[PDB]
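Take a look at the structure below.
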Amino acid sequence: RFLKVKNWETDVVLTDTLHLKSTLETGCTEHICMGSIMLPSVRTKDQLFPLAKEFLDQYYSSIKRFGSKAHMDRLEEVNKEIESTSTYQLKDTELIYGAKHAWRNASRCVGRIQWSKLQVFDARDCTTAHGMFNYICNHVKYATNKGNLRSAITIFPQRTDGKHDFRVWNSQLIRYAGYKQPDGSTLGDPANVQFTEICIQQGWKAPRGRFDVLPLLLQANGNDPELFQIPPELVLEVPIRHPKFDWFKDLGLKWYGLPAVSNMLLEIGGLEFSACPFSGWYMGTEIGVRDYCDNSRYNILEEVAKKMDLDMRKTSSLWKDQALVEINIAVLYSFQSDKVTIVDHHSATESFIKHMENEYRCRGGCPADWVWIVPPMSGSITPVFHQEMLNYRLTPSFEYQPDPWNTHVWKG
Amino acid sequence: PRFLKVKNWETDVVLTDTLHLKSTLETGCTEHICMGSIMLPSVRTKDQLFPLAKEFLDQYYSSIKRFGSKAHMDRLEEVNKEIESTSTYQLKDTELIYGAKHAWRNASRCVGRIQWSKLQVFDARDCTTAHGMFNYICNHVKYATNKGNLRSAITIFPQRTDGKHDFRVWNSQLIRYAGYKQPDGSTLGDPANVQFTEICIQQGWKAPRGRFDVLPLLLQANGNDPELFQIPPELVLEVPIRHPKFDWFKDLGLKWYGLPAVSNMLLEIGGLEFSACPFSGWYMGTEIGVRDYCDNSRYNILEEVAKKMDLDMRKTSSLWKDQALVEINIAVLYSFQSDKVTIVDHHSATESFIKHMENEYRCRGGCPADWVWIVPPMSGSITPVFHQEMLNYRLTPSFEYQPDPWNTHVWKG
Ligand code: HEM
Ligand code: HEM
Ligand SMILES: C[C@H](O)[C@H](O)[C@H]1CNc2nc(N)[nH]c(=O)c2N1
Ligand SMILES: C[C@H](O)[C@H](O)[C@H]1CNc2nc(N)[nH]c(=O)c2N1
Ligand SMILES: N=C(NO)NCCC[C@H](N)C(=O)O
Ligand SMILES: N=C(NO)NCCC[C@H](N)C(=O)O
Ligand SMILES: [Zn+2]
């Protein structure tokens with residue numbers, strides 16, 4: 299019930315008490331660990355007040371006014387409001403604190419050393435999809451910042467009766483399209499094939515290239531979603547070259563500078579924010595290892611290996627591994643040279659370790675999902691590989707949610 | 298949850314696990330905490354032993370298609386009387402073989418399990434002394450090494466009785482290199498074995514004090530104080546490490562042993578506890594080239610290799626570490642293959658494991674696996690295992706951790 303975590307390179311041991319404040323289930327039971335499962339599985351008035359109270363208590367505790375008249379007044383006010391209006395509204399301060407802490411609590415995010423510097427854009431006054439498009443352009447421009455990226459979240463109106471949800475249908479603000487071809491193959495990004503079909507279905511005139519920035523498909527107030535194209539001038543892209551291989555540029559590879567997860571649900575004080583796109587900056591392996599080398603993504607390893615002239619007749623030459631490293635040298639070098647913020651996995655993981663220690667010291671723990679935190683290349687040469695971690699759910703939190711095309715009731 | 302789906306995210310293959318229902322002990326996980334990445338998480350009375358014996362013999366008799374037979378029922382009766390009467394019981398030879406193979410089959414951290422049915426079991430339960438253990442252990446090493454054509458094997462010494470007569474191999478592996486902490490605070494040899502090296506020296510080992518000294522065996526029989534033995538050098542197969550392109554690599558002075566033989570685990574079969582049960586297969590290359598060589602707390606050669614490669618070591622963003630890691634691993638696989646010592650690369654190993662795993666779902670209803678351990682410590686997502694959801698749970702028979710015996714041993718003098 300007070301749990302210890304050990305680092306096996308440094309022999310440092312930290313003691314976790316924060317996990318006792320953990321709310322929802324993990325997936326795992328006593329007889330079965332589901333640690334490697336990616337997805338392991348509206349609120350009534352009575353459901354909402356304990357949640358609201360739980361949140362408000364931590365808010366007022368953070369500003370050193372726990373048990374104050376200010377605290378008791380707010381709790382009563384919110385209580386009155388849920389009783390009468392079946393939901394409630396957060397003050398701006400509570401929204402900002404909640405969104406920062408959702409990030410602070412995000413156990414799969416290696417970038418949390420930065421958690422308190424989040425720029426929060428309150429888009430709760432938004433009513434239409436054009437409003438949504440304007441908010442998002444402003445977010446994209448604020449966050450990109452000419453290549454000197456800055457973290458931000460834009461929060462649209464909270465779910466009410468579940469029939470007036472705001473959603474961004476995209477999985478990220480900026481992603482490339484995918485097209486299934488007549489020769490069975492895939493052009494562009496296979497991750498996005500379905501969402502691209504939905505765009506075309508809804509009107510999008512697809513260019514049918516490899517790196518087509520997808521349009522935004524935005525749903526306001528439960529209405530049917532509408533398409534909008536992000537101003538091209540707002541989408542910073544980086545062309546991929548290698549400092550030593552002149553032929554690399556001829557692979558014709560680019561990637562975008564701004565990672566902006568847009569399909570998650572932000573839960574604060576029981577309230578549910580279904581449209582809450584957020585952005586930081588890339589760790590290099592995200593692009594070089596996963597986006598480029600997953601067999602089900604752009605799957606370029608063989609192409610690169612061939613051009614490096616590696617011995618590909620046997621796995622034990624480690625040609626896959628040699629290519630992977632060079633692909634990742636190229637990503638990093640390309641971003642650095644264009645002056646676009648990017649972090650390498652060594653620097654990223656060392657910062658997370660420093661953050662874990664800070665968090666253990668000042669908060670009594672840090673929920674972390676080892677499976678996600680350890681990079682997909684060179685695991686054991688990063689310090690996080692050697693670090694025991696405890697994954698648990700704290701609120702406020704970011705949550706996965708059903709893709710909306712599986713759920714939406716098309717009015718037409 | 299009589300049915301649990303796991304998905305592969307590359308192929309969309311979904312497999313259904315029913316085997317977890319037969320899961321015995323626990324994981325250290327509760328409903329509100331996942332300790333997936335914790336390395337060591339949280348004598349038997351008659352009461353406790355007969356169900357464990359029954360459970361196991363039901364499994365054994367079921368596997369040989371004689372469940373419920375007179376032979377099955379007679380054996381249950383015979384074991385039951387033996388426990389009641391003597392407090393323990395003895396496994397038949399066939400049952401011990403079945404048990405040992407099944408502990409391997411069930412070992413959730415082992416990527417080598419496609420081979421589980423081919424284990425050579427050496428029955429050492431007639432052993433009474435440490436010199437006896439040394440002889441058995443020598444025979445295991447020679448059989449398993451097989452001049453470089455490695456064969457999986459396990460040697461099983463007598464089981465625990467009262468906890469005061471345990472057989473233990475104090476070595477963590479049968480073959481490992483000594484580590485020596487210097488006065489200036491550096492380490493010569495393998496830092497993982499400093500404590501054990503010190504114990505050996507205390508017991509009378511004359512340490513050559515080099516970087517790659519094969520440790521002596523420290524063997525406890527029947528609860529007695531352990532005794533030292535040198536494994537005959539002729540039986541210890543080693544491989545000097547060189548690179549197919551970099552001729553300066555050999556001058557790093559690197560070598561490694563060919564036989565990985567874990568000697569400090571406990572084998573549980575039918576409730577019985579076998580505290581000395583060394584086993585050996587063959588290396589996956591990343592064990593040596595990523596962990597043994599490049600862990601900071603091991604030989605830590607990454608810098609020296611990168612300097613000699615003249616990589617840009619000013620900025621981690623050159624990925625010099627990653628570049629060196631790969632060349633070192635090329636060198637390990639090259640060196641073993643050239644000398645004809647069995648070794649498997651992490652692509653082949655992981656591809657084979659996914660096949661093994663799918664086959665186990667279909668024929669067994671499951672395959673417990675620990676993703677944290679199965680995914681290799683380099684190039685993770687370019688191996689198929691990374692993309693595979695895995696369920697970790699404990700089946701018996703099993704291999705278990707046990708405390709180091711210097712921590713528990715009652716010295717006779
Ligand atoms: C500022 C620099 C940031 C860095 C370097 C970073 C890094 C990462 C990485 C590498 C992942 C794993 C991504 C993947 O494998 O797809 C991740 C996941 C995640 N991050 Fe961050 N991140 C940053 C900013 C943020 C921000 C601003 C938020 C929220 C406000 C956030 C919340 C999350 C969440 C909820 C996940 C899980 C995503 C999922 O399950 O798909 N991160 N982060
Ligand atoms: C035959 C070829 C084999 C291969 C390629 C193989 C591969 C591996 C690897 C790479 C590990 C991780 C080791 C580490 O990180 O230290 C491992 C762990 C393990 N293996 Fe195997 N293995 C083989 C044979 C065996 C045998 C014969 C047994 C038992 C009879 C076995 C049982 C285990 C167990 C219990 C672990 C976990 C060890 C621990 O917890 O420290 N393996 N295996
Ligand atoms: C803390 C973490 O569990 C630890 O470093 C684990 C990671 N995964 C592992 N995987 C293998 N195969 N061997 C190990 O020693 C480790 N150690
Ligand atoms: C099956 C396994 O959960 C899956 O492939 C996970 C592994 N760890 C991950 N880690 C990160 N950061 N991102 C991912 O998408 C994955 N996917
Ligand atoms: N660093 C971040 N967020 O700030 N990553 C978000 C997920 C991005 C996704 N992994 C990609 O490679 O496109
Ligand atoms: N492949 C096996 N056994 O067959 N490994 C046993 C553990 C060896 C340990 N990882 C080492 O690098 O020495
Ligand atoms: Zn778990």
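Taken in sequence, the protein lines are chains A and B.
Going by PDB author numbering, the letters in the first sequence line up with residues 299 to 339, 348 to 718, in that order.
Going by PDB author numbering, the letters in the second sequence line up with residues 298 to 339, 348 to 718, in that order.
Built from N, CA and C at the ideal position, the CB exists for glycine as well.
Contact list for residue i against chain A, beta-carbon separation under 9 Å
i        : result
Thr621/B : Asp650, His651, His652, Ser653, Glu656
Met589/B : What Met589/B touches in chain A: nothing, since even the nearest Cβ is about 11 Å away.
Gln500/B : Those do not exist, as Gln500/B stays about 13 Å from chain A at its closest Cβ, beyond 9 Å.
CB contact check: residue i to chain A, cutoff 8 Å
i        : result
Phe691/B : yes
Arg596/B : yes
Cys582/B : no
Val303/B : yes
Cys505/B : no
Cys443/B : no
Residue i classed as buried or exposed, judged by whether at least 16 other C-beta atoms fall within 10 angstroms
i             : result
residue 296/B : Examination of residue 296/B is not possible in this model, given that chain B is present from 298 through 718 alone.
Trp561/B      : buried
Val544/A      : buried
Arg547/B      : buried
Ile593/A      : buried
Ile480/A      : buried
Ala483/B      : buried
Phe300/A      : exposed
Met570/B      : buried
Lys406/A      : buried
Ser686/A      : buried
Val677/B      : buried
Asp627/B      : buried
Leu322/B      : exposed
Any chain B beta carbon closer than 8 Å to residue i
i        : result
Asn712/A : no
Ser334/A : yes
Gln642/A : yes
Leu624/A : yes
Beta-carbon neighbours of residue i, restricted to chain B and to distances below 8 Å
i        : result
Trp306/A : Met336, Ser602
The segment 315 to 332 of chain B: positions lying closer than 9 Å to chain A by Cβ: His317, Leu318, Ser320, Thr321, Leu322, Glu323, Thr324, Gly325, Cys326, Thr327, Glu328, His329, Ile330, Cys331, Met332
Would you call the segment 408 to 428 of chain A and the segment 449 to 466 of chain A touching, i.e. three or more CB-CB distances under 8 Å? yes
Relative to chain A, which residues along the segment 601 to 614 of chain B have a C-beta separation below 9 Å, given in chain order? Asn601, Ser602, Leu607
Residues of the segment 663 to 697 of chain A with Cβ closer than 7 Å to any Cβ of chain B, in chain order: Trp676, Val677, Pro682, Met683, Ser684, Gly685, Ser686, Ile687, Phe691, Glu694, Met695, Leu696, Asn697
With contact counted as at least three CB pairs below 8 Å, one residue from each stretch, are the segment 558 to 567 of chain B and the segment 582 to 599 of chain B in contact? yes
What residues in the segment 627 to 639 of chain A have a beta carbon less than 7 Å from any beta carbon of chain B? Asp627, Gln628, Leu630, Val631, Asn634, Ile635, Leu638
Please list the residues of the segment 405 to 435 of chain A that have a C-beta atom closer than 7 Å to any C-beta atom in chain B, keeping them in chain order. none
Check whether the segment 611 to 626 of chain A and the segment 490 to 498 of chain A are in contact - that is, three or more C-beta pairs closer than 8 Å. no
Take every Cβ of the segment 358 to 375 of chain B, pair it with every Cβ of the segment 366 to 379 of chain A, and state whether three or more of those distances are shorter than 8 Å. no
State whether the segment 312 to 326 of chain B contacts the segment 664 to 682 of chain B, with contact taken as three or more CB pairs (one from each stretch) at a distance under 8 Å. yes
Check whether the segment 387 to 400 of chain A and the segment 351 to 363 of chain A are in contact - that is, three or more C-beta pairs closer than 8 Å. yes
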